[PDB]
Amino acid sequence: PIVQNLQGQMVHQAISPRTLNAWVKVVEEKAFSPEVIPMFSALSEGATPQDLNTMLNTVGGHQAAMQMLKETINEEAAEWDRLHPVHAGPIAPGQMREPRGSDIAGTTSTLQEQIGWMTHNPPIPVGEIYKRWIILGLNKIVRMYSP
Amino acid sequence: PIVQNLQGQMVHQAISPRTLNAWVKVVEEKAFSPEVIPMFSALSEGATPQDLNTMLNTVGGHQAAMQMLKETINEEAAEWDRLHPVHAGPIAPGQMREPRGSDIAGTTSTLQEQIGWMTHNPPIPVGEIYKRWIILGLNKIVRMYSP
Amino acid sequence: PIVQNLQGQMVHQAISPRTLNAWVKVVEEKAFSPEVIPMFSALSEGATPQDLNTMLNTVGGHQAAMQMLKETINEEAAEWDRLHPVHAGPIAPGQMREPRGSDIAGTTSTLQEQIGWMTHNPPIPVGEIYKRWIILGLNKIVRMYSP
Amino acid sequence: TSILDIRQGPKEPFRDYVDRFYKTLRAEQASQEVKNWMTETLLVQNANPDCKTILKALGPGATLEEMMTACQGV
Amino acid sequence: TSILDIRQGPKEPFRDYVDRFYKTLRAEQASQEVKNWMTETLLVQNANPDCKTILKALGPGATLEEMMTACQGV
Amino acid sequence: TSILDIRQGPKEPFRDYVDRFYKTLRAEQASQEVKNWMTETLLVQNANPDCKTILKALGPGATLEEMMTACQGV
């Protein structure tokens, strides 16, 4: 995640193993139950896309759901690209590039790039955009997996 | 929560997973028992409204009680709005807006707004107002759930 | 509790959940056994009255004993008020007020007030006065609950 | 399971049923106004005859602690 | 369960009853003066005849360690 | 249980009895001098005849390892 250091700057720090394991354990115990979404939300505080793929990729089991989510993440990403067209002409030397759906999904962007966008002024909340897609896709799952 | 940093300022820091889990475990084990209220009170030390909705939303089970509480929180909030009318004329550029019942419930306010009110001079104790509503609603529950 | 910070001042910090739970677990396991008193004493190091009511209020079970203790705490408090009369004339602007039995019991005092008395120069050990009442009342219990 | 499929047993305490209701209501995502409509309507409708009878005597304006204490012996 | 429904068994130790009393008293939220009234009154009143007899001999002014040691053999 | 009620069984090892004694002595709060008096006195007095006999042969001045090894076969 990207956290504020004592000095008063935003720097990246790694997520903790008993945080990781707590994510694992939630999924083990409460599967598709709604409490998973606030839980997720708390444990995703200050998290990167990269950390969010890590959390999704580290799941075991419920592979039908994991595929449905993936496909929702790509749909929501396809929709990001649709709604926000690429911008006019070449990229400025003085500036950094606008993200695509796949940069938001973490796929085409690097960590330093993910830190550029979030730490820069104005900052862009690429975590929160992926977060809604995850929560939206979580609703899809919850609604389906209701019996 | 909003905690004091080493430098000597009040800054927000996230609540811990084994704190979260301790909240979960209390509810699992002691359900509606009175010891839940001091317990709550300790674990709510320095907590935001936002963190208090997180704690309430992360409950599983006892949904009749959870609904009774919600409805108590809204009643107590409706009562906040009644007792404290909105103030005269437009909001000053030099000042920040007075809260409503829904800002106290965390609903209409943002975190930075919740930090503005609490950290500012004079500070306003929107946690402690929600806390009484929670404790009051906890009495309602305890009294009902006595057999 | 009120602890010394790195900077070299005495500041309040909250007590830890696995400290709380360790207090709970002691009581669960060893009930009225004498080892409870040194144990208490260690876990009450640097503790406030407020934290001491928190610890007493968070007990479950042994309610006859909990009532006997309460009543001992009030007796010892009544005795504090008896032995130490209120002082001559109005309270000085330059000074802070002397405690009563109920301020020692934490009841009539606020936290900032409890920090004023302990951190100020000379400091007054209102924790240690309540601590003796707790230990004294612990002797009463231990002696009774011997079979 | 759908919200319409939530019903109270002939021997099931109302309480256990109300818990089931706000759990399933917890998985409905509809506007609050619709969910208010569901609350006053569907809950009583799928309640058992013995309690249903009881709840009809509370009249309208009733709140959950009073409903929950009203159908306790049933 | 209501505080009036708290009573001592014919074979139940007082001690186990006094624990039940301050647990239920712990779920009453009334003014302290009323709760003092409940203490001196209801506790003895719902105490069993054998201990009740014992407690009448302690007279008034009695405290919990002395009541608790007084009804121990009963 | 009172300290006077602590006694050694007819088949109970002394050792198990001495443990019981300093546990109950651990719940006595009396002056050290009185507790010394209790140590030399009550321990032997409520000890069983077979070990009691043994302990009389150790004489006075004896310490706990020597008492504890003295009544081991008993």
# chains A, B, ... in the order shown; residues from 1 in each chain; ligands from 1
>>> residues_around(residues="residue A:147", least_positions_apart="6", cutoff="12 Å", atoms="only C-alpha atoms", output="list in words")
residues 32, 33 and 141 of chain A; 1, 2, 3, 5, 6, 24 and 27 of chain D
>>> select_by_dssp(residues="stretch 2-86 of chain B", states="strand (DSSP E)", output="list in words")
residues 2, 3, 4, 10, 11 and 12 of chain B
>>> residues_around(residues="residue A:56", least_positions_apart="3", cutoff="10 Å", atoms="only C-alpha atoms", output="MDAnalysis selection string")
chainID A and resid 51:53 59:60 66 69:70 134
>>> write_last_selection(atoms="C-alpha atoms", output="CSV table (one decimal), in the first residue's frame")
chain,number,residue,atom,x,y,z
A,51,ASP,CA,-2.1,-5.3,-4.2
A,52,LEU,CA,-5.7,-5.8,-5.2
A,53,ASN,CA,-4.5,-8.4,-8.0
A,59,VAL,CA,-7.7,-17.0,-3.6
A,60,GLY,CA,-8.2,-20.8,-3.6
A,66,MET,CA,-13.4,-15.9,-9.4
A,69,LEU,CA,-15.4,-11.5,-11.2
A,70,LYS,CA,-12.5,-11.4,-13.7
A,134,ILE,CA,-14.8,-5.1,-7.1
>>> calpha_fit_and_write(fixed="chain F", moving="chain E", output="short mmCIF file (atom, residue, chain, number, x, y, z; two decimals) with C-alpha atoms, in the first residue's frame")
data_model
loop_
_atom_site.label_atom_id
_atom_site.label_comp_id
_atom_site.auth_asym_id
_atom_site.auth_seq_id
_atom_site.Cartn_x
_atom_site.Cartn_y
_atom_site.Cartn_z
CA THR E 1 -11.88 -23.76 54.15
CA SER E 2 -10.09 -22.78 57.39
CA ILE E 3 -6.33 -23.57 58.12
CA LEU E 4 -7.36 -25.71 61.19
CA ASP E 5 -9.41 -27.86 58.82
CA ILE E 6 -6.23 -28.80 56.84
CA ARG E 7 -5.20 -32.37 57.93
CA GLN E 8 -3.26 -35.32 56.48
CA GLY E 9 -5.13 -38.42 55.36
CA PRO E 10 -4.34 -41.87 56.67
CA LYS E 11 -3.03 -42.92 53.11
CA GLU E 12 -2.23 -39.37 51.82
CA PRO E 13 1.42 -38.58 51.19
CA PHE E 14 2.78 -35.83 53.42
CA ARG E 15 4.03 -34.11 50.35
CA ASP E 16 0.48 -33.67 49.02
CA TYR E 17 -0.51 -32.33 52.45
CA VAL E 18 2.36 -29.88 52.70
CA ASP E 19 1.30 -28.44 49.35
CA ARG E 20 -2.22 -28.00 50.71
CA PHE E 21 -0.81 -26.33 53.81
CA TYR E 22 1.23 -23.61 52.11
CA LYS E 23 -1.65 -22.99 49.64
CA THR E 24 -4.05 -22.30 52.57
CA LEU E 25 -1.18 -20.50 54.46
CA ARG E 26 -0.84 -18.55 51.12
CA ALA E 27 -4.59 -17.33 51.82
CA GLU E 28 -3.81 -16.39 55.39
CA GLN E 29 -2.82 -12.74 55.74
CA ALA E 30 -1.45 -12.85 59.53
CA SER E 31 1.89 -11.42 60.85
CA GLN E 32 4.99 -13.49 59.85
CA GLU E 33 5.71 -14.47 63.53
CA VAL E 34 2.20 -15.96 63.76
CA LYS E 35 2.60 -17.70 60.46
CA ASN E 36 6.00 -19.13 61.80
CA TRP E 37 4.08 -20.37 64.84
CA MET E 38 1.56 -22.03 62.51
CA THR E 39 4.32 -23.66 60.53
CA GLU E 40 6.09 -25.35 63.40
CA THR E 41 2.89 -26.23 65.17
CA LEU E 42 -0.12 -27.02 63.07
CA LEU E 43 1.67 -28.88 60.24
CA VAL E 44 2.98 -31.61 62.55
CA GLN E 45 -0.11 -31.76 64.72
CA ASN E 46 -2.42 -32.57 61.79
CA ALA E 47 0.09 -34.89 60.20
CA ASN E 48 -0.93 -38.68 60.24
CA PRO E 49 0.29 -41.02 63.16
CA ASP E 50 2.80 -42.90 60.93
CA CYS E 51 4.54 -39.72 59.73
CA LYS E 52 3.91 -37.93 62.94
CA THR E 53 5.97 -40.60 64.64
CA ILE E 54 8.74 -40.02 61.96
CA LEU E 55 8.71 -36.24 62.46
CA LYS E 56 8.95 -36.53 66.20
CA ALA E 57 12.37 -38.40 65.55
CA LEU E 58 13.72 -35.50 63.41
CA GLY E 59 13.67 -33.27 66.59
CA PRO E 60 13.47 -29.47 66.37
CA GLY E 61 15.57 -27.33 64.05
CA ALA E 62 14.46 -29.42 61.06
CA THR E 63 13.95 -27.92 57.53
CA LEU E 64 11.46 -28.71 54.78
CA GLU E 65 13.67 -30.83 52.44
CA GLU E 66 14.63 -33.02 55.44
CA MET E 67 10.96 -33.32 56.57
CA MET E 68 9.86 -34.01 53.04
CA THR E 69 12.54 -36.70 52.47
CA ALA E 70 11.91 -38.00 56.00
CA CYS E 71 8.24 -38.95 55.46
CA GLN E 72 8.61 -40.27 51.86
CA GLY E 73 8.04 -44.01 52.43
CA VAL E 74 5.03 -43.46 54.65
#
>>> residues_around(residues="residue A:1", least_positions_apart="3", cutoff="7 Å", atoms="only C-alpha atoms", output="number ranges by chain")
A: 12-15, 46-48
>>> write_last_selection(atoms="N, CA and C atoms", output="compact mmCIF listing (two decimals), in the first residue's frame")
# COMPACT_ATOMS: atom_id res chain seq x y z
N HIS A 12 5.53 3.97 -0.47
CA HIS A 12 4.93 2.69 -0.55
C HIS A 12 5.56 1.88 0.62
N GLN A 13 4.74 1.01 1.26
CA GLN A 13 5.17 -0.02 2.23
C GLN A 13 4.36 -1.25 1.84
N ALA A 14 5.00 -2.43 2.00
CA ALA A 14 4.42 -3.68 1.77
C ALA A 14 3.28 -4.09 2.71
N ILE A 15 2.31 -4.92 2.26
CA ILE A 15 1.28 -5.36 3.15
C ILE A 15 1.70 -6.48 4.08
N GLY A 46 -5.83 2.18 1.48
CA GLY A 46 -4.58 2.68 1.00
C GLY A 46 -3.87 1.73 0.04
N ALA A 47 -4.66 0.76 -0.46
CA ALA A 47 -4.10 -0.34 -1.27
C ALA A 47 -3.95 0.10 -2.71
N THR A 48 -2.93 -0.46 -3.39
CA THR A 48 -2.69 -0.39 -4.86
C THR A 48 -3.44 -1.45 -5.69
>>> atom_distance(atom1="atom CA of residue B:71", atom2="atom CA of residue B:138")
12.2 Å
>>> closest_atom_pairs(of="chain B", to="chain D", cutoff="10 Å", atoms="only C-alpha atoms", output="JSON lines")
{"residue": "B:60", "atom": "CA", "partner": "D:23", "partner_atom": "CA", "distance": 8.7}
{"residue": "B:61", "atom": "CA", "partner": "D:19", "partner_atom": "CA", "distance": 7.5}
{"residue": "B:62", "atom": "CA", "partner": "D:19", "partner_atom": "CA", "distance": 6.2}
{"residue": "B:63", "atom": "CA", "partner": "D:19", "partner_atom": "CA", "distance": 4.9}
{"residue": "B:64", "atom": "CA", "partner": "D:19", "partner_atom": "CA", "distance": 5.1}
{"residue": "B:65", "atom": "CA", "partner": "D:19", "partner_atom": "CA", "distance": 8.4}
{"residue": "B:66", "atom": "CA", "partner": "D:22", "partner_atom": "CA", "distance": 8.6}
{"residue": "B:67", "atom": "CA", "partner": "D:22", "partner_atom": "CA", "distance": 7.3}
{"residue": "B:68", "atom": "CA", "partner": "D:64", "partner_atom": "CA", "distance": 6.4}
{"residue": "B:71", "atom": "CA", "partner": "D:64", "partner_atom": "CA", "distance": 9.3}
{"residue": "B:140", "atom": "CA", "partner": "D:65", "partner_atom": "CA", "distance": 8.4}
{"residue": "B:141", "atom": "CA", "partner": "D:65", "partner_atom": "CA", "distance": 8.3}
{"residue": "B:143", "atom": "CA", "partner": "D:65", "partner_atom": "CA", "distance": 9.8}
{"residue": "B:144", "atom": "CA", "partner": "D:65", "partner_atom": "CA", "distance": 6.8}
{"residue": "B:145", "atom": "CA", "partner": "D:65", "partner_atom": "CA", "distance": 9.4}
>>> closest_residue(among="A:106, A:137, A:38, A:127", to="chain B", atoms="only C-alpha atoms")
A:38
>>> select_by_dssp(residues="chain D", states="alpha helix (DSSP H)", output="ChimeraX atom specification")
/D:14-26,32-45,49-58,64-70
>>> atom_distance(atom1="atom CA of residue B:80", atom2="atom CA of residue B:119")
21.4 Å
>>> closest_atom_pairs(of="chain B", to="chain C", cutoff="7 Å", atoms="only C-alpha atoms", output="CSV")
residue,atom,partner,partner_atom,distance
B:19,CA,C:17,CA,6.9
B:35,CA,C:58,CA,5.4
B:38,CA,C:58,CA,6.1
B:39,CA,C:58,CA,6.5
>>> atom_distance(atom1="atom CA of residue C:10", atom2="atom CA of residue C:123")
11.7 Å
>>> residues_around(residues="residue C:84", least_positions_apart="4", cutoff="12 Å", atoms="only C-alpha atoms", output="MDAnalysis selection string")
chainID C and resid 77:80 98:101
>>> write_last_selection(atoms="N, CA and C atoms", output="short mmCIF file (atom, residue, chain, number, x, y, z; two decimals), in the first residue's frame")
data_model
loop_
_atom_site.label_atom_id
_atom_site.label_comp_id
_atom_site.auth_asym_id
_atom_site.auth_seq_id
_atom_site.Cartn_x
_atom_site.Cartn_y
_atom_site.Cartn_z
N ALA C 77 -13.92 5.15 49.65
CA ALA C 77 -14.11 6.44 49.07
C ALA C 77 -14.75 7.39 50.12
N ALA C 78 -15.79 6.88 50.88
CA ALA C 78 -16.54 7.64 51.95
C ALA C 78 -15.56 8.04 53.04
N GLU C 79 -14.62 7.11 53.31
CA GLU C 79 -13.56 7.22 54.24
C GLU C 79 -12.60 8.22 53.72
N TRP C 80 -12.21 8.27 52.38
CA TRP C 80 -11.40 9.34 51.85
C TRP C 80 -11.93 10.74 52.08
N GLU C 98 -8.66 20.11 44.61
CA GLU C 98 -8.29 18.85 45.27
C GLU C 98 -9.37 17.73 44.95
N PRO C 99 -8.93 16.42 44.77
CA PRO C 99 -9.84 15.34 44.54
C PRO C 99 -10.65 14.96 45.75
N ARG C 100 -11.79 14.37 45.49
CA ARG C 100 -12.66 13.71 46.47
C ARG C 100 -12.58 12.16 46.25
N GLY C 101 -13.36 11.34 47.05
CA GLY C 101 -13.38 9.88 46.96
C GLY C 101 -13.87 9.44 45.58
#
>>> decode(residues="stretch 14-36 of chain C", atoms="N, CA and C atoms", output="CSV table (one decimal), in the first residue's frame")
chain,number,residue,atom,x,y,z
C,14,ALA,N,-3.9,4.5,25.1
C,14,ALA,CA,-4.8,3.6,25.4
C,14,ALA,C,-4.3,2.2,25.8
C,15,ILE,N,-5.1,1.4,26.6
C,15,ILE,CA,-4.6,0.0,26.9
C,15,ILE,C,-4.8,-1.0,25.8
C,16,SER,N,-4.0,-2.0,25.6
C,16,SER,CA,-4.0,-2.8,24.4
C,16,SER,C,-5.2,-4.0,24.5
C,17,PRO,N,-5.8,-4.3,23.4
C,17,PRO,CA,-6.8,-5.5,23.4
C,17,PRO,C,-6.2,-6.8,24.0
C,18,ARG,N,-4.9,-7.2,23.6
C,18,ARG,CA,-4.5,-8.5,24.2
C,18,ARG,C,-4.1,-8.3,25.6
C,19,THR,N,-3.8,-7.0,26.1
C,19,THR,CA,-3.8,-6.7,27.6
C,19,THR,C,-5.2,-6.9,28.1
C,20,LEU,N,-6.3,-6.2,27.6
C,20,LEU,CA,-7.6,-6.4,28.0
C,20,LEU,C,-8.0,-7.9,28.1
C,21,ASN,N,-7.8,-8.6,27.1
C,21,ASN,CA,-8.1,-10.0,27.0
C,21,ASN,C,-7.3,-10.8,28.0
C,22,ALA,N,-6.0,-10.5,28.3
C,22,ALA,CA,-5.3,-11.1,29.3
C,22,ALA,C,-5.9,-10.9,30.7
C,23,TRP,N,-6.4,-9.6,30.9
C,23,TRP,CA,-7.2,-9.4,32.2
C,23,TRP,C,-8.4,-10.3,32.2
C,24,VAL,N,-9.1,-10.4,31.1
C,24,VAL,CA,-10.3,-11.3,31.1
C,24,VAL,C,-10.0,-12.7,31.4
C,25,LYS,N,-9.0,-13.3,30.8
C,25,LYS,CA,-8.6,-14.6,30.8
C,25,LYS,C,-8.1,-15.0,32.2
C,26,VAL,N,-7.4,-14.2,32.9
C,26,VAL,CA,-6.9,-14.4,34.3
C,26,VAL,C,-8.1,-14.6,35.2
C,27,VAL,N,-9.2,-13.8,35.0
C,27,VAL,CA,-10.4,-13.9,35.8
C,27,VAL,C,-11.1,-15.1,35.5
C,28,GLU,N,-11.2,-15.5,34.2
C,28,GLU,CA,-11.8,-16.7,33.8
C,28,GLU,C,-11.2,-17.9,34.4
C,29,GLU,N,-9.9,-17.9,34.3
C,29,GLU,CA,-9.1,-19.1,34.8
C,29,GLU,C,-8.9,-19.2,36.3
C,30,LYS,N,-8.6,-18.1,37.0
C,30,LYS,CA,-8.1,-18.3,38.4
C,30,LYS,C,-9.1,-17.7,39.4
C,31,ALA,N,-10.2,-17.1,38.9
C,31,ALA,CA,-11.4,-16.6,39.7
C,31,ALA,C,-10.9,-15.7,40.9
C,32,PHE,N,-11.1,-16.1,42.2
C,32,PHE,CA,-10.7,-15.5,43.3
C,32,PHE,C,-9.3,-15.9,43.8
C,33,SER,N,-8.4,-16.8,43.1
C,33,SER,CA,-7.1,-17.2,43.6
C,33,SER,C,-6.1,-16.1,43.9
C,34,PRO,N,-5.3,-16.1,44.9
C,34,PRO,CA,-4.4,-15.0,45.3
C,34,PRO,C,-3.5,-14.4,44.3
C,35,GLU,N,-3.1,-15.2,43.3
C,35,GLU,CA,-2.3,-14.8,42.2
C,35,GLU,C,-2.9,-13.8,41.3
C,36,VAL,N,-4.2,-13.7,41.4
C,36,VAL,CA,-4.9,-12.6,40.8
C,36,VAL,C,-4.3,-11.2,41.3
